[PDB]
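A.B. asks: Below you'll find the structure I mean.
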Number of protein chains: 6
Amino acid sequence: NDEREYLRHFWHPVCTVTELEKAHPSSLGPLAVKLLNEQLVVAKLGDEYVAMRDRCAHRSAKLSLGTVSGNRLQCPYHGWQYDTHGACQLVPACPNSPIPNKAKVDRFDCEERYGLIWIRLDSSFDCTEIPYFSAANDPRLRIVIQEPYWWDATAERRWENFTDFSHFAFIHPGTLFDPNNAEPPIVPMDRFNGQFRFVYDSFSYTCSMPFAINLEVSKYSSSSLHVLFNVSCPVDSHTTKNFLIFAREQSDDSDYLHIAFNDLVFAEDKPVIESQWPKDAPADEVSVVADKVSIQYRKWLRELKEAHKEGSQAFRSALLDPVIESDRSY
Amino acid sequence: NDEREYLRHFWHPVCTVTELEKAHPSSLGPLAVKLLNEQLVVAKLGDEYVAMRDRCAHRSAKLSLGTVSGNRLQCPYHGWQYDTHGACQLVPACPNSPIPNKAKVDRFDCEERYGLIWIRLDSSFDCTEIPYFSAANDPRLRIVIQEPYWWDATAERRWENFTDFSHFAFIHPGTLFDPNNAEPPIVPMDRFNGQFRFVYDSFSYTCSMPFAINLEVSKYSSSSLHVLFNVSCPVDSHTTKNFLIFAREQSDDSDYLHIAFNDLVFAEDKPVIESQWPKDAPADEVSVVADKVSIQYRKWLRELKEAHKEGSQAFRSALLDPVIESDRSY
Amino acid sequence: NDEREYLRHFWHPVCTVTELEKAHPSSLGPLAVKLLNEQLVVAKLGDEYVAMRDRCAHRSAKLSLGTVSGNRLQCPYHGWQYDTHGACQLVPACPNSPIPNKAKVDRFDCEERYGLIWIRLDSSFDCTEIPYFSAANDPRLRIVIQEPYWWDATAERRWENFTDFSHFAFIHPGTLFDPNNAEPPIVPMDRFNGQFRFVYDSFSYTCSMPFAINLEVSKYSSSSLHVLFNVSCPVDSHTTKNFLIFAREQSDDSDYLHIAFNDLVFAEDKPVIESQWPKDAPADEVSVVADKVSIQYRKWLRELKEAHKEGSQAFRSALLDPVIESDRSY
Amino acid sequence: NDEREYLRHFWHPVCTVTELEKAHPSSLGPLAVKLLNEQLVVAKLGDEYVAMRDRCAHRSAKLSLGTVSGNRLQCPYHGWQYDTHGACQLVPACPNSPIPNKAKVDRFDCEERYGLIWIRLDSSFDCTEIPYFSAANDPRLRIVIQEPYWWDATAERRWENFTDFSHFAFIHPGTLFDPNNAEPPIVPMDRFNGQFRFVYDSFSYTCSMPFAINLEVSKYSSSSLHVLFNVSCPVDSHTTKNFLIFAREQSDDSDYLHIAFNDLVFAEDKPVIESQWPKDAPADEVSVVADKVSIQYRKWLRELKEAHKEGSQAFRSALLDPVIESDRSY
Amino acid sequence: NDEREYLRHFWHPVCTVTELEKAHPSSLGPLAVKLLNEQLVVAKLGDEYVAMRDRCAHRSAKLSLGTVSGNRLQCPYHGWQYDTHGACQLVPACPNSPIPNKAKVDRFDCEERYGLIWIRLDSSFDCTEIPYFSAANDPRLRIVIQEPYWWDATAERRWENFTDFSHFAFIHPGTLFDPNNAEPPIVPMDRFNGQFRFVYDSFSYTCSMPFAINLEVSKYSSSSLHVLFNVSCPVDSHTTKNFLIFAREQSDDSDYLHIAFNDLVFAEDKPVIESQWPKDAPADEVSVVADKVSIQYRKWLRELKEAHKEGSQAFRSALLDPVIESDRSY
Amino acid sequence: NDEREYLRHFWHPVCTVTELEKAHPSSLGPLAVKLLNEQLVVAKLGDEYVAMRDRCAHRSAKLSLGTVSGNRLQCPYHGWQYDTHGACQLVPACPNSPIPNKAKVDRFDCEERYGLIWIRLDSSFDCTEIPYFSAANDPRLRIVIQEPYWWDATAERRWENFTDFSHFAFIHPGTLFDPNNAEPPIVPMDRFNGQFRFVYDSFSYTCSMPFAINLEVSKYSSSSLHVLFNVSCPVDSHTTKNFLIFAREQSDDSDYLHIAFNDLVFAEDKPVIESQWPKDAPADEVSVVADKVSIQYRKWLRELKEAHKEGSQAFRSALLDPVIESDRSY
Ligand code: FES
Ligand code: FES
Ligand code: FES
Ligand code: FES
Ligand code: FES
Ligand code: FES
Ligand SMILES: [Fe+3]
Ligand SMILES: [Fe+3]
Ligand SMILES: [Fe+3]
Ligand SMILES: [Fe+3]
Ligand SMILES: [Fe+3]
Ligand SMILES: [Fe+3]
């Protein structure tokens, strides 16, 4: 249902690498996944992470109950095998007949990065990249990948909560609220290279549109820096599979000191954000000046929506044209 | 859809008072309630039981997850606070900024009586009143408020089961059937003051429309009184939250003796009334002579539903115009 | 919804006889059954098994919560009695007044055979008959009736699964796959007397349309016959209630030896056939040559569907007209 | 613990035959049974039903997790095979070396009768036999074997419950109590051939000691006989596994008509008999005159207990010596 | 097991009055209860709360599954009736025989007070009274009786927690810890009339030995007073059924404002107190000067233990001899 | 009782390091653990993994419910704090009073190695060391620490299952059985340095007594290594917490490929080893030639158990004295 069609051009994370390896005893998958209400299967065929529609072209069985055979995905029902382009190469019942030309299942751009598996459902605008994680490569940093966490909220609403400042005092009094710096500021926001960028005082955001946040917290550079990377998988209209990867300089402490803390603040948000109805933000919400980030976010998604209808070039401009508001130089 | 629109003009019970006090440790509420598919929140602000739509005007969190602070209801997300008129009176993020005029939520007529909280969603026709309970104030009687009991059944069908005389022999054979009173009488039924009134020998029904039933019983076992006040709340298309208050003259025995008995009668009804399908009674049900109470009630509802269409006064007339069939005065 | 209407003309099994006896302590029933999204009640009235809409004419209660009384079915709410023709013959509340002419509930052809209760919702074409079980009569044979097994898949897909050959190697490797007889044959299929007939080499299939299969196996081991009779009740758009009656001539062994093995092959099919989506076979399924039985079955159903809209005798032609493709005498 | 040792000399039922067949997909078993706090395994070896300690000689694994292999039982751990005499005849790890003389597990008299598997743990007295079911042979009769029902009560208390008369009015008011035959008779009891015999007026009891009851009912309605055969497996100190086989000559009705009614009377007994504490009847129980059957049963058990410590032929006397109290010919 | 024998002379609460009325639809009971490992049944026979051993003298069935008939308790098995002295008065099976003299079940002192039902298992020292609740009678005070709450701890350990001062800072930081008055004092303790008495600054304890606490909190008499009455039922060696009744002057607020708060502080204690092992305080616990109350408590229980062995007069002295430590005059 | 007393002199693993870090959000612990029926608490105080009895010296709360504060473990009840020696260093209630000398809890030898935490309950014989893991430090190998897996089985029987050669054909037929290596060899077994050593062709076992097993495998499938280190922890009379660490040379594949495989092997063992009864192997088990490893191990344990009785040095000798059967050097 096509108010969300523009979302198909972006790269979305569907599972962790370790979720795929855990899925089937072979460690190759297949793993079933759902993205923007599409039912897909992921599997490692050879050296490629391949993503096809989880529906076989023959009698419509789910390839995710199949098995990986060599470099192919084998349907569990009558054993057809599919190659990295989703084409059937073996029909065991008539191995000497021709393979019908329609014996084919849709395939989607599937690439690994940062420890997660990303899928891009519609490549026809050739102008979106996998979101940016600042801490990959940086060898001073230890990187932990938390289990995915699922919310009954939309990627847009989850996004907005992660970049929200006004809510600390009420949802996170014990864990995030700084009573001396109690009231949030207004900050300039830049569009650059498909990302939103803004800073605090020091927290620095690089939000690859639509659903990814890259938050670099430094302790006025004195101590040492901490990076949060949080991206929402729009599973369906009501649901998100949410991924948090975090990196830290100070690696001497326990990973589960941080994992529990993150876990805690997410548990504080979840019941509120899930309560918001209607699940998608209607046009009768009343804002005030602290909501700059949420408004600017919605402004740009609307433009990306309209730009999409106009077509490829319009969308490329909408996404990548810079819109600088601050003094920082690019 | 809006075939139930007329029902919004009546007072409906949403919860017992204890339910609201129990809902949150402050004993002030808030408590969430569903009335005719509407999501509402109920709270004690100062001296008032207040009812609002359970949806914040900022970013649409459920206020039922919030907390009562002072004489206002404070949202869980960013702590906007709403007064007894549903107007925001504090935006914690910009305390030195003026509150938007649209920063308000719908408020509803909300009044406590008999130990229950009543809400009127539409007050425009200004002509409905909270059902009549005969045993309030009468200091000779001991009143008990059972816990709400829920049925997968509509308020109309719950009402028809309660005033039905024909089911005693079959659903309640060992608890309410009188062997040599096995065939039900046809009875005069008057409309007075927006109530149905009729008796049976005694059993004296005073049913404030649409969903309340007040049954006084001058026992053939006592020469002393016993009173059943039952009111169905239509929470949605398929289910009711049902309330039972009963008073008794012979107040010397255990409350639970009668509570257990009522609970058993309802247990005998419940499966059968839930089995009735469609949930709303269609035109092809075939009534008989002994269904006089069923018929008059469907007739009055149908008239009231029509009157609602033709506007305020035609409704006030269909409710309040008297119609006498028996030989009593009023 | 008129897409499945032609199926109402066939006899469908809804329950075993032992199901009807177990369903109520009388052993006469009533038992609630669902067929083609119709809610029905079955009860034993005298010497007849009769079937009615499980919805009482009076106030729409479910007669399946009622009791059998002599030779009628008694609604649990107000006690109306319905005879074998679905006619109300007693109304307790006015046992003298005349019973209305609308005091009837629809009655459906219902007759027991093979230990199953079969229902024909539409009899206006008068050309359909209960499926053919080869092994009734045959006193050389022991007949076990397995308990109904439910799947989340449609009767057609269930059917195509039962008659499939290509799948043995992949979902039944250790239970049905013969490595010698590893690749599937294409074999003549006859239409005779409304049944599909075809044979293997020694497996003889007789398939009373649409959802019944009678398979005779003259195993390559001795002179010891085996018959499997499998038939799918289409209870709604997504689910089947399936029955299996099996007969064997080597009958000195335990029934549970064959029940376990039967159950195991069904356990292997189930997750896969259930996985198939959409539940109903769409036009974009790619067949190969080995799918002959599938494609001929689907083609015959289509003729039966479109014969139905023509009228009575067009259907009877499409169903019963012989169409023989092999050299066998009928 | 030597308080219950005399019971090891009787045949006790441990499972139905259909239990043994259902317990493993071969239908040969093995099935684990518990009797008099002994853990046993039952399996079908060729034409014999054999019973062994469910504890393998080698490393003490449970043979009930094993498989039947030809005419032996195969331990699941290291594959030792035991024959009908409980002797190991194969040791895979050294199939040439001599099998030790201790490579044996205890074997117990085990023979099928009436559709049940019966076990005699001690055969050294050679004077006990499987209880007497009156209705085997009788081709006028249909014999139903109900599924075993478990109670948390001892076999004696189960027994005294079955033969009780005073309780009908209070736990079976609506199912067995006759208000005409309201008060219980005292009736002669004979000991003959190791059974208690007594009759009512038309109920004839034959009770093969200790825990079996054969009750024949020539009802006051016509010439239609009914037999109930009930027997308690003492599985430990606190619990019974009880069996009921029932036969009827009026056999045109459903089995489930009698199974439900049977089950209902047992449902009524169960909570009460289970409530009795201590589970074993202490000396301070106060009888009245109507407890004749109870007191004679308990007295006979005591003689059987103390005859046991004397030795073989003292027991056989106490058990089999006739002791007739009525005027009937044996 | 007889380290706890002295406890049988005290009055113990076993249930609330409303627990007895809820237990059976008659509102008369019977209700089963367990005290110091004794299995008892409570029932209202006439105007008396009667308590007997929950074991019938005939065949050992539990009278708690019976019913109250007139002024008697009727066993559920064979219908014997027991009067307020535990004597059988009716044997329905031989209504014209003599009633055996042993047809009797033990009866125990059973009296209601404060809304609870108290049982005294051993009256032979005639020198213990039901604990003292300061707020009964006082008409300025509203009295609420919370549902009983069960802990896996002993009455002695639960007692000591309720009178503990040192633990606020750690188990109740959010709810009871007063940071300005952070460290506990040492207070003089008096023995008077079987009660311990001590005060704070103002909290005033009157602990009727062994297991009852009566805590009067006044707000330096300025505002208004609040009374907590908490008593532990020593169910068995590991378990307590705990009763809290509380009274307040200020009755204008919700009962469930206090009930939730109490509930909260109990939830804070429960997992700690349950963790203490061994469950009974062994002789190797190390005390410090803040533990005066716990030591003095243990000193007196030991003396009551020894006094009991010496006999009645010794015990009466131990319990009632005054031992004044403060200046207050008696 | 103290037949397992000798086991207290060995180092035993109680938890993985992550288990301790995960146990409480601080990542410092505490974590409760049971070792040989002893209740202990483990925490990271400063630089040390500390193990104490999980029982406060004040009033016996479990310190595992407490929190780590500074370099001490703080009790949940009154907040006594214990240093790395189990001595209380702070009594919050009387900070200006001296701490009692008996205010201390038993402390135990506690050391981290290989990612597990080891405890030695008795250090008096000072002659045991933490088991040997061959693949620590070897930088060519990738080490994985599985989650602890629990078995209702003793450490002795778990060990015997792991070194057993005779069960492959039966418990693991499709996962570890080699068809033409179906009969197990008898092998030389040496005692060195308190370890059993033996090989099989290769498979090289190094089993530090009593419960550790270090198995190196130079594959016949690779010419590269794979290492299994398995150690059972006896938590009580009937159960074990089992640890598996494995290293591999070919580190290029998914950890989960092997994790899933190990988990499947254990799944095949588990039911069978749990079925073994009695839990501790009695003298009447009949061993055969192929049980050489079983026999030598029971022999060495029995000797060690005896040596413990005769004192420190006789034990140190029975553990450490070498005994060579093969032709290798050491
Ligand atoms: S469905 Fe995939 S092979 Fe038939
Ligand atoms: S959503 Fe309610 S205050 Fe922001
Ligand atoms: S609804 Fe069936 S009898 Fe009235
Ligand atoms: S334990 Fe039974 S074969 Fe070894
Ligand atoms: S047990 Fe109480 S009457 Fe028989
Ligand atoms: S019990 Fe641990 S500090 Fe008191
Ligand atoms: Fe947040
Ligand atoms: Fe009713
Ligand atoms: Fe199949
Ligand atoms: Fe009975
Ligand atoms: Fe406390
Ligand atoms: Fe193994």
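Residue numbering restarts at 1 for every chain of the structure tokens, chains are lettered A, B, ... in their displayed order, and ligands are numbered from 1 as they appear.
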Can you work out which residues are within 7 Å of ligand 5, considering only C-alpha atoms and all ligand atoms, and then hand them over as a ChimeraX atom specification?
C.D. replies: /E:56-61,75-80
A.B. asks: Name all residues at most 8 Å from residue B:240 (count only C-alpha atoms; drop same-chain ones fewer than 2 positions away) and give them as a PyMOL selection string.
C.D. replies: chain B and resi 150-155+232-236+238+242
A.B. asks: Residues as selected, C-alpha atoms, written as a tab-separated table (two decimals), in the first residue's frame, can you do that?
C.D. replies:
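Printed below is out.tsv as written:
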```tsv
chain	number	residue	atom	x	y	z
B	150	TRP	CA	-17.08	-8.77	30.76
B	151	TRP	CA	-19.11	-10.53	28.04
B	152	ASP	CA	-18.31	-11.10	24.36
B	153	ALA	CA	-21.75	-9.73	23.61
B	154	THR	CA	-23.38	-6.40	22.84
B	155	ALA	CA	-25.13	-4.13	25.33
B	232	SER	CA	-24.16	-2.62	30.26
B	233	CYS	CA	-21.41	-0.46	28.84
B	234	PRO	CA	-20.87	-0.91	25.08
B	235	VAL	CA	-17.11	-0.80	24.77
B	236	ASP	CA	-16.98	-1.84	21.11
B	238	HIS	CA	-18.67	-7.02	20.07
B	242	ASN	CA	-21.18	-5.05	32.67
```
A.B. asks: For chain E versus ligand 11, which residues have an atom no more than 7 Å away, and what is each residue's nearest atom pair and distance in Å rounded to one decimal, using only C-alpha atoms and all ligand atoms, chain-then-number order, as a Markdown table?
C.D. replies:
```
| residue | atom | partner | partner_atom_place_in_ligand_line | distance |
| --- | --- | --- | --- | --- |
| E:161 | CA | ligand 11 | 1 (Fe) | 5.3 |
| E:162 | CA | ligand 11 | 1 (Fe) | 5.3 |
| E:164 | CA | ligand 11 | 1 (Fe) | 6.9 |
| E:265 | CA | ligand 11 | 1 (Fe) | 6.4 |
| E:266 | CA | ligand 11 | 1 (Fe) | 6.5 |
| E:269 | CA | ligand 11 | 1 (Fe) | 5.2 |
```
A.B. asks: Can you write just those residues out, N, CA, C and O atoms, as a compact mmCIF listing (two decimals), in the first residue's frame?
C.D. replies:
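The resulting again.txt:
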```txt
# COMPACT_ATOMS: atom_id res chain seq x y z
N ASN E 161 11.56 -8.62 60.94
CA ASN E 161 11.66 -7.63 59.87
C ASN E 161 10.70 -6.46 60.13
O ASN E 161 11.04 -5.31 59.86
N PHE E 162 9.52 -6.75 60.66
CA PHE E 162 8.53 -5.69 60.83
C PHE E 162 8.95 -4.70 61.91
O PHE E 162 8.56 -3.53 61.84
N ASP E 164 12.19 -3.97 62.57
CA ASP E 164 13.56 -3.66 62.26
C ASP E 164 13.71 -2.20 61.87
O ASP E 164 12.87 -1.65 61.15
N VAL E 265 5.89 -1.71 50.16
CA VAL E 265 6.98 -1.97 51.11
C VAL E 265 7.08 -3.46 51.40
O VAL E 265 8.19 -3.99 51.57
N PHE E 266 5.96 -4.18 51.42
CA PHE E 266 6.07 -5.62 51.57
C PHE E 266 6.78 -6.24 50.37
O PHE E 266 7.61 -7.15 50.54
N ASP E 269 10.46 -6.06 50.93
CA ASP E 269 11.05 -6.95 51.93
C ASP E 269 11.06 -8.40 51.47
O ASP E 269 12.06 -9.10 51.66
```
A.B. asks: List all protein, DNA and RNA residues that have an atom no more than 12 Å from any atom of ligand 6, counting only C-alpha atoms and all ligand atoms, and report them as a short mmCIF file (atom, residue, chain, number, x, y, z; two decimals) with N, CA and C atoms, in the first residue's frame.
C.D. replies:
```cif
data_model
loop_
_atom_site.label_atom_id
_atom_site.label_comp_id
_atom_site.auth_asym_id
_atom_site.auth_seq_id
_atom_site.Cartn_x
_atom_site.Cartn_y
_atom_site.Cartn_z
N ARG E 157 10.96 -14.74 61.71
CA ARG E 157 11.77 -13.88 60.85
C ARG E 157 10.93 -12.73 60.31
N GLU E 160 10.59 -10.14 63.04
CA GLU E 160 11.78 -9.34 63.26
C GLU E 160 11.95 -8.30 62.18
N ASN E 161 11.56 -8.62 60.94
CA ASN E 161 11.66 -7.63 59.87
C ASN E 161 10.70 -6.46 60.13
N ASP E 164 12.19 -3.97 62.57
CA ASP E 164 13.56 -3.66 62.26
C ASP E 164 13.71 -2.20 61.87
N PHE E 165 14.78 -1.58 62.33
CA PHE E 165 15.06 -0.19 62.02
C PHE E 165 16.24 -0.01 61.09
N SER E 166 17.22 -0.90 61.18
CA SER E 166 18.48 -0.74 60.47
C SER E 166 18.33 -0.89 58.97
N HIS E 167 17.23 -1.48 58.49
CA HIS E 167 17.13 -1.91 57.10
C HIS E 167 16.46 -0.90 56.18
N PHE E 168 15.94 0.21 56.72
CA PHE E 168 15.25 1.17 55.87
C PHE E 168 16.16 1.63 54.74
N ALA E 169 17.38 2.06 55.08
CA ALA E 169 18.25 2.69 54.09
C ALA E 169 18.51 1.80 52.88
N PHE E 170 18.32 0.49 53.00
CA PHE E 170 18.72 -0.45 51.95
C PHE E 170 17.57 -1.12 51.24
N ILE E 171 16.53 -1.53 51.96
CA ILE E 171 15.41 -2.16 51.29
C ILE E 171 14.33 -1.14 50.91
N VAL E 272 14.21 -10.47 50.12
CA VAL E 272 15.29 -10.57 51.10
C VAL E 272 14.92 -11.55 52.21
N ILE E 273 13.79 -11.33 52.89
CA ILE E 273 13.45 -12.15 54.04
C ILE E 273 13.29 -13.61 53.63
N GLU E 274 12.75 -13.84 52.43
CA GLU E 274 12.65 -15.22 51.95
C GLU E 274 14.02 -15.84 51.73
N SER E 275 15.05 -15.01 51.45
CA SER E 275 16.38 -15.53 51.13
C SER E 275 17.15 -16.03 52.35
N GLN E 276 16.94 -15.42 53.53
CA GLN E 276 17.53 -15.86 54.79
C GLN E 276 17.49 -17.38 54.96
N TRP E 277 18.66 -17.97 55.14
CA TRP E 277 18.76 -19.38 55.45
C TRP E 277 19.83 -19.59 56.52
N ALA E 281 16.48 -18.98 62.82
CA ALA E 281 17.72 -18.26 63.14
C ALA E 281 18.68 -19.14 63.93
N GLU E 285 24.55 -16.33 64.41
CA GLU E 285 24.34 -15.02 63.82
C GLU E 285 25.02 -13.95 64.68
N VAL E 286 25.67 -13.01 64.02
CA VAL E 286 26.46 -12.00 64.71
C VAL E 286 25.64 -10.73 64.81
N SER E 287 25.42 -10.25 66.03
CA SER E 287 24.63 -9.04 66.23
C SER E 287 25.53 -7.86 66.58
N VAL E 288 24.93 -6.68 66.52
CA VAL E 288 25.53 -5.44 66.96
C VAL E 288 24.45 -4.67 67.71
N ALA E 290 22.54 -2.20 67.34
CA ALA E 290 21.25 -1.84 66.78
C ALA E 290 20.25 -2.98 66.84
N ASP E 291 20.69 -4.20 67.15
CA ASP E 291 19.81 -5.35 67.12
C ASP E 291 19.14 -5.64 68.46
N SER E 294 15.72 -7.39 68.25
CA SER E 294 15.72 -8.77 67.78
C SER E 294 16.26 -9.71 68.85
N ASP F 54 27.20 -17.62 50.28
CA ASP F 54 26.09 -16.70 50.00
C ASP F 54 25.16 -16.56 51.22
N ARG F 55 25.74 -16.11 52.33
CA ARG F 55 24.99 -16.06 53.59
C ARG F 55 25.65 -15.04 54.50
N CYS F 56 24.96 -13.92 54.72
CA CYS F 56 25.47 -12.83 55.54
C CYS F 56 25.66 -13.28 56.98
N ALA F 57 26.66 -12.70 57.65
CA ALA F 57 26.97 -13.10 59.01
C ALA F 57 26.05 -12.45 60.05
N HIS F 58 25.37 -11.38 59.67
CA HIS F 58 24.42 -10.68 60.53
C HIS F 58 23.13 -11.46 60.76
N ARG F 59 22.30 -11.54 59.72
CA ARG F 59 20.99 -12.17 59.86
C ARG F 59 20.69 -13.11 58.70
N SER F 60 21.70 -13.47 57.92
CA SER F 60 21.72 -14.64 57.02
C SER F 60 21.03 -14.41 55.69
N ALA F 61 20.87 -13.16 55.25
CA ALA F 61 20.39 -12.90 53.90
C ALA F 61 21.37 -13.45 52.86
N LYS F 62 20.87 -13.70 51.66
CA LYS F 62 21.78 -14.08 50.59
C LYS F 62 22.50 -12.83 50.08
N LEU F 63 23.83 -12.84 50.13
CA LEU F 63 24.55 -11.71 49.58
C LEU F 63 24.38 -11.60 48.07
N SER F 64 23.94 -12.68 47.40
CA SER F 64 23.76 -12.58 45.95
C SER F 64 22.70 -11.55 45.59
N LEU F 65 21.72 -11.31 46.46
CA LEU F 65 20.76 -10.23 46.28
C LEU F 65 21.35 -8.84 46.54
N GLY F 66 22.59 -8.75 47.02
CA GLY F 66 23.21 -7.49 47.34
C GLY F 66 23.85 -6.87 46.12
N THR F 67 24.69 -5.85 46.38
CA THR F 67 25.34 -5.09 45.32
C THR F 67 26.81 -4.83 45.66
N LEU F 73 31.47 -6.32 48.84
CA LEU F 73 30.16 -6.83 48.50
C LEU F 73 29.23 -6.41 49.63
N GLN F 74 28.19 -5.65 49.29
CA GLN F 74 27.28 -5.09 50.28
C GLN F 74 26.00 -5.91 50.37
N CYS F 75 25.67 -6.34 51.59
CA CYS F 75 24.49 -7.14 51.84
C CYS F 75 23.20 -6.37 51.49
N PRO F 76 22.18 -7.07 50.98
CA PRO F 76 20.93 -6.38 50.67
C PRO F 76 20.14 -5.92 51.87
N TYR F 77 20.33 -6.52 53.05
CA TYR F 77 19.39 -6.31 54.15
C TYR F 77 19.73 -5.08 54.99
N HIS F 78 20.91 -5.06 55.61
CA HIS F 78 21.34 -3.91 56.40
C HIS F 78 22.66 -3.33 55.88
N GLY F 79 23.11 -3.78 54.72
CA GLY F 79 24.27 -3.19 54.07
C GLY F 79 25.58 -3.32 54.80
N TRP F 80 25.82 -4.45 55.48
CA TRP F 80 27.19 -4.77 55.86
C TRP F 80 28.00 -4.96 54.59
N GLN F 81 29.26 -4.53 54.61
CA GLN F 81 30.12 -4.71 53.44
C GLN F 81 31.33 -5.60 53.74
N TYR F 82 31.60 -6.53 52.83
CA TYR F 82 32.62 -7.56 53.00
C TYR F 82 33.75 -7.34 52.00
N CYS F 88 33.73 -8.29 57.39
CA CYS F 88 32.93 -7.08 57.33
C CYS F 88 33.81 -5.88 57.63
N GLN F 89 33.71 -4.84 56.80
CA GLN F 89 34.44 -3.61 57.04
C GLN F 89 33.55 -2.41 57.28
N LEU F 90 32.23 -2.58 57.36
CA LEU F 90 31.33 -1.46 57.61
C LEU F 90 29.99 -1.99 58.09
N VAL F 91 29.55 -1.51 59.25
CA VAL F 91 28.23 -1.79 59.79
C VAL F 91 27.45 -0.48 59.79
N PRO F 92 26.65 -0.21 58.75
CA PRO F 92 26.00 1.10 58.61
C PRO F 92 25.20 1.56 59.82
N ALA F 93 24.71 0.65 60.66
CA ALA F 93 23.84 1.06 61.76
C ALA F 93 24.61 1.65 62.94
N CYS F 94 25.84 1.20 63.18
CA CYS F 94 26.67 1.70 64.27
C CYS F 94 28.03 1.99 63.66
N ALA F 103 32.09 -11.11 62.79
CA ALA F 103 31.41 -10.50 61.65
C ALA F 103 32.13 -10.78 60.34
N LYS F 104 32.15 -12.04 59.92
CA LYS F 104 32.88 -12.43 58.72
C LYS F 104 32.20 -13.65 58.10
N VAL F 105 32.42 -13.85 56.81
CA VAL F 105 31.88 -15.01 56.13
C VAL F 105 33.01 -15.76 55.44
#
```
A.B. asks: Check the smallest atom-to-atom distance from each of D:126, D:280, D:303, D:255 to chain E using only C-alpha atoms, then report the winner.
C.D. replies: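 The closest residue to chain E is D:280.
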A.B. asks: Identify all chain F residues at most 8 Å from chain A by counting only C-alpha atoms; ligands do not count. Present them as a PyMOL selection string.
C.D. replies: chain F and resi 21-22+25-27+254+256-257+260-261
A.B. asks: Take the residues that were just selected and, keeping C-alpha atoms, output them as a PDB file, in the first residue's frame.
C.D. replies:
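Okay, this is what ended up in selection-v3.pdb:
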```pdb
ATOM      1  CA  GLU F  21      29.031  -9.898  34.045  1.00  0.00           C
ATOM      2  CA  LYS F  22      25.443 -10.476  32.803  1.00  0.00           C
ATOM      3  CA  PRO F  25      23.671  -4.463  35.639  1.00  0.00           C
ATOM      4  CA  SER F  26      26.856  -3.184  37.259  1.00  0.00           C
ATOM      5  CA  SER F  27      28.669  -6.067  35.427  1.00  0.00           C
ATOM      6  CA  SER F 254      30.748 -19.624  11.351  1.00  0.00           C
ATOM      7  CA  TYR F 256      27.477 -21.435  14.986  1.00  0.00           C
ATOM      8  CA  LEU F 257      28.146 -24.232  12.465  1.00  0.00           C
ATOM      9  CA  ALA F 260      24.866 -26.211  16.482  1.00  0.00           C
ATOM     10  CA  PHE F 261      26.671 -29.510  15.958  1.00  0.00           C
TER      11      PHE F 261
END
```
A.B. asks: Run DSSP on the backbone and grab whatever in stretch 107-285 of chain A lands in alpha helix (DSSP H); send it over as an MDAnalysis selection string.
C.D. replies: chainID A and resid 155:162 168:171 255:275
